[PDB]
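Chemist: Below you will find the structure I want to go over with you.
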Amino acid sequence: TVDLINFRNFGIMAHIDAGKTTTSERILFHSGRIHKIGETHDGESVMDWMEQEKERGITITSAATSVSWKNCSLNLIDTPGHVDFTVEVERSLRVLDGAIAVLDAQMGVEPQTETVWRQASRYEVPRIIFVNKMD
Amino acid sequence: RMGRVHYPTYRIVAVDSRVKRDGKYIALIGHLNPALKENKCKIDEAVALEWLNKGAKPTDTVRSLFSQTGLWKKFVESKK
Amino acid sequence: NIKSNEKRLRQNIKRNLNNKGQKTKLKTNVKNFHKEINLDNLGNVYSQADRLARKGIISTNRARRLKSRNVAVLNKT
Amino acid sequence: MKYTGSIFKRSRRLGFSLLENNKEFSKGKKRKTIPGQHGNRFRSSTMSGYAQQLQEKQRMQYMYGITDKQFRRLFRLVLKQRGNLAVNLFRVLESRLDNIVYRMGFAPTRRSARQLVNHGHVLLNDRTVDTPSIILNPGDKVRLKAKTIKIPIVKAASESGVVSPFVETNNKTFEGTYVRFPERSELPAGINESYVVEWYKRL
Amino acid sequence: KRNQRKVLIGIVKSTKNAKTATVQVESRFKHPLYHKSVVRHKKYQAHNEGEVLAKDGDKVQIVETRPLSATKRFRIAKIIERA
RNA sequence: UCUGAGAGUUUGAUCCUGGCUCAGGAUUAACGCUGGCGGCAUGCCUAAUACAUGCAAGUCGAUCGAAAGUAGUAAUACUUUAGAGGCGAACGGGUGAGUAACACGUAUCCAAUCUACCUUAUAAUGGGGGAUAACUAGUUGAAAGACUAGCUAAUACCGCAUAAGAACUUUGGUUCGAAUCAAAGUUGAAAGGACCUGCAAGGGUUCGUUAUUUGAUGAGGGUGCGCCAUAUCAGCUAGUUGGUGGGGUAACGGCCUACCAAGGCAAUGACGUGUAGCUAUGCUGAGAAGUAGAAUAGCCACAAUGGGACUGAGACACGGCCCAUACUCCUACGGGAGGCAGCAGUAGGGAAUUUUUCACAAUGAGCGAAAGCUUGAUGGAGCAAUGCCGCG
RNA sequence: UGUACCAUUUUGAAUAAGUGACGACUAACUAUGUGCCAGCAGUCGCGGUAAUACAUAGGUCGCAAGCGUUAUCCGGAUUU
Numbered sequence: 004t005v006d007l008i009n010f011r012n013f014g015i016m017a018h019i020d021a022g023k024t025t026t027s028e029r030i031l032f033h034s035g036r037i038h039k040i041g042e043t044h045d046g047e048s049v050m051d052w053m054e055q056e057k058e059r060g061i062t063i064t065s066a067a068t069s070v071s072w073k074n075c076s077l078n079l080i081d082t083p084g085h086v087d088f089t090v091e092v093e094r095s096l097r098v099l100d101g102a103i104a105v106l107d108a109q110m111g112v113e114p115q116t117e118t119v120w121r122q123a124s125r126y127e128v129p130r131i132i133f134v135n136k137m138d
Numbered sequence: 002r003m004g005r006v007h008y009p010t011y012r013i014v015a016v017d018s019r020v021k022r023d024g025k026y027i028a029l030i031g032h033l034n035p036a037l038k039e040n041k042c043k044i045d046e047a048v049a050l051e052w053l054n055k056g057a058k059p060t061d062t063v064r065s066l067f068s069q070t071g072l073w074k075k076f077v078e079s080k081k
Numbered sequence: 003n004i005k006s007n008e009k010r011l012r013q014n015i016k017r018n019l020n021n022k023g024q025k026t027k028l029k030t031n032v033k034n035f036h037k038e039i040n041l042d043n044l045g046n047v048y049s050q051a052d053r054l055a056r057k058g059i060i061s062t063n064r065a066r067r068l069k070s071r072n073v074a075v076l077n078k079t
Numbered sequence: 001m002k003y004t005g006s007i008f009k010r011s012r013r014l015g016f017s018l019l020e021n022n023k024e025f026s027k028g029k030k031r032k033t034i035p036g037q038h039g040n041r042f043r044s045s046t047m048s049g050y051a052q053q054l055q056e057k058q059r060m061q062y063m064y065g066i067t068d069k070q071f072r073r074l075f076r077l078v079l080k081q082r083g084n085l086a087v088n089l090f091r092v093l094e095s096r097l098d099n100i101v102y103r104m105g106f107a108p109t110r111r112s113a114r115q116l117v118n119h120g121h122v123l124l125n126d127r128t129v130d131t132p133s134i135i136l137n138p139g140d141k142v143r144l145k146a147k148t149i150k151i152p153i154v155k156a157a158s159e160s161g162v163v164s165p166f167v168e169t170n171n172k173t174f175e176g177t178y179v180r181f182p183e184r185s186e187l188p189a190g191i192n193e194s195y196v197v198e199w200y201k202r203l
Numbered sequence: 002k003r004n005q006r007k008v009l010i011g012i013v014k015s016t017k018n019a020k021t022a023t024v025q026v027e028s029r030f031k032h033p034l035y036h037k038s039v040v041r042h043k044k045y046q047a048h049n050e051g052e053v054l055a056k057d058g059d060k061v062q063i064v065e066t067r068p069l070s071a072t073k074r075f076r077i078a079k080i081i082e083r084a
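Residue numbers (the entry's author numbering), protein chains in the order written: chain 9, 4 to 138; chain O, 2 to 81; chain S, 3 to 79; chain C, 1 to 203; chain P, 2 to 84.
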């Protein structure tokens, strides 16, 4: 298998209404690009026509999705789909060796990213702030 | 072997090319336990010759029991 | 699933082609005998049937019966 | 019950002394009938062949201290051998390992004998029995293991061993030989197994 | 034929078929419970080999063999003629 | 003979007629209550419904060219065969949908039938020609797949040599629908790979094939005997019924057909009808008999239903192939796909019916000189007092 | 399978109890509420001016790590 240094887990460290699961599916398709099955033209683009976000939160929820990306193994885990709670976000945080914080620019009024950030800041785990609402 | 565990009972039967143990047999070779070094099998230097001369050699685990009876010492020259 | 089943599938499909060819040759020899009825074609049919019985595809009974039916027509001529 | 916990009750109510003057004994109270508030000659028809067959079966399988499932197992095993059901069945029941150990005079009580033989200290056929289920035969040597040659209760019992015209015991070496079957005259006088013979109608 | 003994004797009934006879066999078996002998009737198709023809209204002995025609799985063997 | 239970049910009371109940072994059990162990054996009757998942016979170079690399300059010592070709693939196991019958129990007709290795051993492995995969190239391709172009080996495809014996023509002989032999016509067996000695030949040496030939092996059609229900089902049946000729599966057989035909079964209730897998084995009783043939040993049947063909000796082939019908994944909507009535296990009904089971250790086959491999067969084990057994 | 069997290998009475029903058929029953109400029950059948069949406390017997229950074939019903 890949080296021990290259076993890094990443849980989607955010909440819905932030374009969260859209970004989770985008990352999953980007690092899970396989062409022998034709998936490249099956999940090419991901974007919302959003009148419901529960569908985005549930259908895209990745309880444990592991792939490999040239240098390492990327373990994308979109357990959280709730706006505010602790179990899924906390298990994602425990699993992940690094965190991606999905934030917003179009809707900066999202209320439930403070507690998510505080949870991730307990273990000092590395975090990358990524904003996708800039469109 | 068969029966009850740690008390095995081996029933030796005949075969041509496909059949199992103690199912469809040309003739029951006899009874030997894997834990018992002496057989009460139906072995009398005659049934073994019958099975060899009729073709369809029986199971290949009582050959030593037939070897002790000298079956090969006569058959390998009878065929010759 | 057993890989040997597909292995014997490969072997038996090639045998299918070869035996189709050989049985068609035997049946056309039989047809030639039944057209020009003579002892020479009877011997040719005998040789072909002996070859097929030696190959071991179908038992020699079919060869013997077909050649007996051919030589019956021979006696009818 | 294959057991007890007050044997004197069973001995008194069954009408048969499991111990002659040590179970129907003046130890305070002493009885010979059914005790309690229901000591009564039942005017209801509680008496028939069925009733006395049951009662004799109770007496016999409660003097042995053995279970009824092994009673039926012994019956079935004897059924493999042709003969007479009554005498053979009673003789095999008497030949019980615990029953014979008691007959040797190796334990003051059948329950205690059963407990001791189960404890893994009785040698028969060179096998120290961890379960007293081995039915004896005439000449079966029961030996007392090295453990039970230092146990005070069974020491006192063995030193007071009982000899009968169909067994014998060497109490000093703590050993016993089942000399012969009790055929028809060495059986208890108030006990009759023929009722258990007639207790079946599917022979 | 080397064919050995087997019981197929019966009273031949008809020969309306070209060298083929229908034979009536009256076989007595035993009642399983009340234990009385009762007879039953069976029909058999005996093939007349061309050199022998089953004369009807008589008893004939049939013997087992491989089939000769459709539902004709017997050949006629012996006949007792009229008197 | 081993052997056999009674009482209760009616009129004020009596009896009679008749009936019902408990009183017995026993569980694919379940069930309340609780619970000692282990041994031991049991474990969808109903669901034959799809079967997801692993798994349900693999072995082969001592058959071959090369692939393919470890050490070697390479040759090669070396690893197996992708592929051609060999056997087993039908084994095994499963359930019994359906199947009531020669399938069965039994002696057989097989005069009609083969059986690969094996087997009774007589005959052979003489000699080739040329392919074909492997290899290589291009093509369609997301893959699935996929066509074209060539080269070459063998145990590979295709003739002949010899070829006893033998298939098979004509005559004689013999014989209870043919047994047996003489004369005599026709006619055909490939293929060699590998190891020691020997220059080689040859000898030893191991595989692969060849005929002939005693049987087993699995089974073929019929077969007397018996083989569920079916009258609140009486007529049913046009290969129906049989014949000559011809063709035919392994073969006799209207097996099937051209021709020639009108008959066949049947009130002992024909035909039809649906069902049960049949024998041994499973209980009760003294007996009469009843109770299943689930699973199982043999046989038999499907193996998702219905066909076709090929192989194999045996299949028109559960886990080969093609297809129609049920289904399905992914997809760019172009396309390809298969079956646990195999083991389990899943879904259900039910009271419930076991591991989403381990090694082939021992046992089966298969094959390899051999190392051996796999078995979900086997042997274990779990599993639920699941049942028995004994124990405190 | 450190399984099986061995040796109080060591302390100890300690480590295990439930079921039916007691009127008969067919062993196991005395009292308390209960007026044919409560509830029992396979047959007889149980309770309507003092309940041992009901419900219970209890004692009782049959058993037993299985206990009772229904299930299922014959015989006890010659009572086809």
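All residues carry an ideal CB built from backbone N, CA and C; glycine is no exception.
Are three or more beta carbon pairs between the segment 95-113 of chain 9 and the segment 6-18 of chain 9 nearer than 8 Å?
Modeler: The segment 95-113 of chain 9, when compared against the segment 6-18 of chain 9, does touch it at the 8 Å Cβ threshold.
Chemist: Can you give the Cα-Cα distance for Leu-96 (chain 9) and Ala-104 (chain 9), rounded to whole angstroms?
Modeler: Their Cα atoms are separated by approximately 11 Å.
Chemist: What did DSSP end up calling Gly-190 (chain C) once you bin it into helix, strand or coil?
Modeler: Residue state, collapsed to three classes: coil.
Chemist: Kindly list the residues whose CB is nearer than 8 Å to the CB of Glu-186 (chain C), restricted to its own chain and excluding five residues on each side of it in sequence; keep chain order.
Modeler: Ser-164, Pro-165 and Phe-166, listed in sequence order.
Chemist: How would you label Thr-21 (chain P), buried or exposed, when you count the other beta carbons within 10 angstroms and need 16 or more for buried?
Modeler: The residue is buried, with at least 16 neighbouring Cβ atoms inside 10 Å.
Chemist: Leaving out five residues on either side along the sequence, give the residues of the same chain with a beta carbon under 8 Å from the beta carbon of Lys-57 (chain C).
Modeler: These residues qualify, in order along the chain: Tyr-195, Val-196 and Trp-199.
Chemist: Quick one: grab the DSSP three-state call for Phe-166 (chain C).
Modeler: Here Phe-166 (chain C) sits in coil by DSSP.
Chemist: What three-state label does DSSP hand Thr-10 (chain O) in the structure shown?
Modeler: Note: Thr-10 (chain O) maps to coil in three-state DSSP.
Chemist: What residue range does the beta strand (DSSP E) around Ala-104 (chain 9) cover?
Modeler: It spans 101-106 - the beta strand (DSSP E) in which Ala-104 (chain 9) sits, taken as one unbroken run.
Chemist: Counting C-beta neighbours from all protein chains within 10 Å, is the total for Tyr-3 (chain C) 16 or more, i.e. buried, or is it exposed?
Modeler: Label assigned to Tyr-3 (chain C): exposed.
Chemist: Check for me: the beta strand (DSSP E) holding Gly-23 (chain S) runs from which residue to which?
Modeler: Premise fails: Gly-23 (chain S) lies in the alpha helix (DSSP H), 5-37, not in any beta strand (DSSP E).
Chemist: Tell me which residues share the same chain as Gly-31 (chain O) and place their Cβ nearer than 7 Å to its Cβ, disregarding the 5 neighbours each side in the sequence.
Modeler: Only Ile-13, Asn-40, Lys-41, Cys-42, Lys-43 and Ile-44 meet the Cβ criterion.
Chemist: Are the beta-carbon atoms of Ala-57 (chain O) and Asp-23 (chain O) separated by less than 9 Å?
Modeler: Taking 9 Å as the Cβ cut-off, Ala-57 (chain O) and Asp-23 (chain O) do not qualify as a contacting pair.
Chemist: Pick out the complete beta strand (DSSP E) segments inside the segment 32-72 of chain S, 3 residues or longer, and give them in chain order.
Modeler: With a minimum length of 3 residues, no continuous beta strand (DSSP E) run stays inside the segment 32-72 of chain S.
Chemist: Would you report the Cα separation of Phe-67 (chain O) and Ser-79 (chain O), rounded to the nearest angstrom?
Modeler: So the two alpha carbons sit approximately 16 Å from each other.
Chemist: Can you check which of these residues, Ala-123 (chain 9), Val-119 (chain 9), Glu-113 (chain 9) and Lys-57 (chain 9), is closest to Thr-24 (chain 9) by C-alpha distance?
Modeler: Of the candidates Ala-123 (chain 9), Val-119 (chain 9), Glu-113 (chain 9) and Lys-57 (chain 9), the one whose C-alpha sits nearest the C-alpha of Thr-24 (chain 9) is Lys-57 (chain 9).
Chemist: Is it true that the segment 56-66 of chain P meets the segment 28-44 of chain P, where meeting means three or more beta-carbon pairs spaced less than 8 Å apart?
Modeler: The segment 56-66 of chain P is not in contact with the segment 28-44 of chain P.
Chemist: So what's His-44 (chain 9) in DSSP terms, helix, strand or just coil?
Modeler: In the structure shown, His-44 (chain 9) sits in a helix (DSSP, three-state: H, G or I).
Chemist: Alpha carbon to alpha carbon, how far is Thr-4 (chain 9) from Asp-130 (chain C)? Give it in angstroms, no decimals.
Modeler: If you take the alpha carbons of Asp-130 (chain C) and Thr-4 (chain 9), they lie about 55 Å apart.
Chemist: Looking at the unbroken beta strand (DSSP E) that takes in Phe-75 (chain P), where does it start and where does it end?
Modeler: Unbroken beta strand (DSSP E) run through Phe-75 (chain P): 73-80.
Chemist: Could you tell me how far apart the beta carbons of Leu-33 (chain O) and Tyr-11 (chain O) are, in whole angstroms, since I believe they sit closer than 8 Å?
Modeler: The pair is a contact, with the Cβ atoms about 5 Å apart (cut-off 8 Å).
Chemist: For my contact list, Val-24 (chain P) and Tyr-45 (chain P) are in at a C-beta cut-off of 8 Å; report their separation, rounded to the angstrom.
Modeler: Correct: roughly 5 Å between the Cβ atoms.
Chemist: Can you tell me which of the three DSSP states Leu-124 (chain C) falls into?
Modeler: Strand.
Chemist: Name, in chain order, the residues that DSSP records as bridge partners for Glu-175 (chain C).
Modeler: DSSP lists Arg-143 (chain C) and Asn-170 (chain C) as partners of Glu-175 (chain C).
Chemist: With C-beta atoms as the reference, is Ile-100 (chain C) less than 9 Å away from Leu-77 (chain C)?
Modeler: Taking 9 Å as the Cβ cut-off, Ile-100 (chain C) and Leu-77 (chain C) do not qualify as a contacting pair.
Chemist: If we call anything under 9 Å between Cβ atoms a contact, is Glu-113 (chain 9) one with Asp-51 (chain 9)?
Modeler: Contact: no.
Chemist: Closest to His-119 (chain C) by CA distance: which of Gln-70 (chain C), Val-154 (chain C) and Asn-40 (chain C) is it?
Modeler: Out of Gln-70 (chain C), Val-154 (chain C) and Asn-40 (chain C), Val-154 (chain C) has the C-alpha closest to the C-alpha of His-119 (chain C).
Chemist: Do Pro-35 (chain C) and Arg-12 (chain C) have their beta-carbon atoms positioned less than 9 Å apart in this structure?
Modeler: Yes. Within cutoff.
Chemist: For the candidate residues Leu-77 (chain 9), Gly-46 (chain 9) and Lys-136 (chain 9), whose alpha-carbon lies nearest to that of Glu-28 (chain 9)?
Modeler: Of the listed residues, the one whose Cα sits closest to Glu-28 (chain 9) is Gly-46 (chain 9).
Chemist: Given this structure, state the Cα-to-Cα distance separating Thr-128 (chain C) from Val-122 (chain C), to the nearest angstrom.
Modeler: Cα to Cα, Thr-128 (chain C) sits roughly 5 Å from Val-122 (chain C).
Chemist: Go to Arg-73 (chain C), then tell me how far its alpha helix (DSSP H) extends in each direction, as first and last residue.
Modeler: First-last of the alpha helix (DSSP H) with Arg-73 (chain C): 68-79.
Chemist: What do you reckon, are the CB atoms on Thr-43 (chain 9) and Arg-36 (chain 9) nearer than 9 Å?
Modeler: Going by C-beta atoms, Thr-43 (chain 9) is nearer than 9 Å to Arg-36 (chain 9).
Chemist: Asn-171 (chain C) and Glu-159 (chain C): beta carbons closer than 9 Å?
Modeler: Yes, the Cβ-Cβ distance between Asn-171 (chain C) and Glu-159 (chain C) is below 9 Å.
Chemist: In whole angstroms, give me the CA-to-CA distance for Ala-65 (chain S) and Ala-51 (chain S).
Modeler: When rounded, the distance between both Cα atoms is 5 Å.
Chemist: Does the separation of the CB atoms of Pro-132 (chain C) and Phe-181 (chain C) fall below 9 Å?
Modeler: No, the pair does not count as a contact, with Cβ atoms beyond the cut-off.
Chemist: Can you tell me which of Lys-55 (chain O), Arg-19 (chain O) and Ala-36 (chain O) puts its alpha carbon nearest to the alpha carbon of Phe-76 (chain O)?
Modeler: Minimum Cα distance to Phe-76 (chain O) is reached at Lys-55 (chain O).
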